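Same protein, same chain, two forms; see structure 1 and structure 2 below, as structure tokens.
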Structure 1
């Protein structure tokens, strides 16, 4: 009643607030809290910090913390506790370099029990937004550090948030209960059980049979045909949010044949996106023409779409000297056939379906795409070392898009750095990314974003496919399910049946 049961593909992990895999972000966000909180309108509000001031040069920030906050174990949250957390994070700073705030922070110190001072090496504009992220800048009770650190593990996952991990039963379920001593609003739900269910179809079956009350996630939540069927069945409730992020291919500008502008341009006219969405996605997503949707901050640039046009694709390839030998359907140039490898997580049924469609569309224009589906670790390795022709990718949703996604293009962890290595203006782009993040002249900031996104668009680095939405399937008794502003978060505390 005031207890609900939902599902997740894996256990939540140890809930170290400062580390990545195998910690599940939604669970870190349930237990741990930020100094300031991200809102749908793009702003942040006071959270663990009541208020703040900054110096004139924008480099020194002083946060006045709430004085009534306790960790779930009764220990006080104060500036000392906050400063220790920042220390623990930055001791592992190499692991956070994709996130520019982690490179920017030069000092953190408690000026008193309620005053926290953070010094940056430049006037980093997205400072507050990055403090608001699910990780790594959230607070565990320092008593729960191991050997004065968190980077090598924690003891109990003690946060200040409205949920407390009750128990974690491997391959069965994770249980969270309401924090009865939470500083803020008391959630109506008292207990949330996450059944561990890795298979999309099995999750749907689990819901159909009534075993679980709620499913909340992105386009991989459950099979989309089943989602469509559920939406017409009055016994169930379903929701589909407005789009939150882009799904796209990254094309390797430093590997033949995607190293050729003409090829990447042709590939951008080759995919019938509407058909792909209608066919493989059951019409539940939107066609994307650009890396970021026009509704993304700084991204309403009037970039010119490349609409499905196989005739144009062919002309582009022919003009570039990719012509068809007699009796063949695959183009060649300088002896070399027009062959391209498409990489994706092989156990991702949706990615695989989209890949087959893309392979077929590209064959129609004389390009031989080979599908390379592999396990995560193998795909991740490819992202880092640039061993891909085309690779499935996605942006990160609010508040990461666009600033943090772009920041990340500067380092080899996601594929973007590798994908862009073949561009003569890659150094210029990376420099401008550095600049825009520290620009407070609003005209220059917009100018820099325009130049960066326009170069990426004109150089055909990406093949945008669709903008995807969050999806919800729930027992009607739970009522309308709200969305959390941050795509990886689940607003359990706002569920009020």
Structure 2
């Protein structure tokens, strides 16, 4: 069966609720639901569901001209009314979509013609279109699929206008998608796709080796990085390491002891040996990260000073900061307390645990005792809102979120970044400039803003950049080159031309 292919994923696709996050896997959501406008690599956008559009001279009111020849998955019709209903459906939950400034920007939406769609915003929002193209929450599910007239409280059956229809899902085993025969665009060469739920990376590797897996698409965690290196040397397989897409780092808690002290945060930076960590835990397959964003990220090439591995400098800062060594002890104490710091991570994540132990051992050489708290992913995401952490693995989102959406998110008190930045005297001002960066049409004002924000976050040592990671692919040679989607979180299955 060429028309058909099997792949893998650590967890099920989820309910495929277009307007909800966890556990709805993004790539999947992007398979079923579509946007009015679609994101391009050049950073621009092309018309999609919205055939073309028009805007008020004052740029606050927008009117899109939808496609008529577009039928929802279940034969139903896609029109301005369903659209308005989705937006409305989404906005009824605006509070949680607070991270995406477009959310708290939509004044209201209403249906003009059967195909005319009018959107008015509080302001002439320049990130309007690029933010509609996102995988969520402004995608569309048939109105005839709510739990009342609400999607925030669940949906009926995941039906959209995508080219892929979730034909079947079975907890802990697989998720099946079939080609949507009544799609409005080009016909996807693959007719069926099957995702095998396989948590372990080593298992995913063997799974591929049996011949039962056509492809493996994911990030640094896909399969063990050394096996991937053996795999790329194998004539019968095919592998690919994309260039960096986002950065992984630790987030230090400024609003909590002892990470409430700039000295301790700076010292934590000079104590970790990135390379040794990278070469040893990531198998030299990814690259070292000095700043929150790589210099190749628009607006981020700021010449920020990299903190180099320097145990020497490390313990010197720490002591001047009042954390001295007591007779007969390896760990530093201040006014009675030891320099203990807890590091939370997904206990069942082989990668996090490794960098964890390395970091732990690195810190111990400067008199700091870090405790590893490997926990359920649910408790981890919990401590991120709660702010119950000392240090915490965290990562950016790749294009097109980085850097504007990811910054926007820092303002919302419902996330790790906000939480970690809390105890910063700069915070109020930083959030002020993020809203301003999202608000100015002047490129030079924008350049300066990103500079001020990113320089503060950097100088105040909020994070401990570790590495810029890549997307990897392992596939059967018959599938040819596996393309990358402009949106970092999507998998371009429709482009895969088998044999």
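Between two forms, the rigid core is the largest collection of C-alphas that superpose within 1.5 Å. Residue numbers count along the first chain shown, from 1.
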### Task
Once the rigid core is lined up, just say which one of 72, 104, 272, 351 has a C-alpha that travels 2 Å or more between the two structures.
72
### Message
Following rigid core alignment, is the displacement of the residue 304 C-alpha between the two structures equal to or greater than 2 angstroms?
### Response
no
### Message
If I superpose the two forms on their rigid core, does the C-alpha of residue 152 end up displaced by 2 Å or more between the two structures?
### Response
yes
### Message
Does residue 172 shift between the two structures by 2 angstroms or more at the C-alpha, the core having been superposed?
### Response
yes
### Task
Determine, in Å, the CA shift of residue 124 between the two structures after the rigid core is used for superposition.
2.1
### Query
Where the rigid core has been superposed, how far does the Cα of residue 473 end up moving between the two structures, given in Å?
0.4
### Task
For residue 47, give the CA shift between the two structures in Å, the superposition being done on the rigid core.
1.3
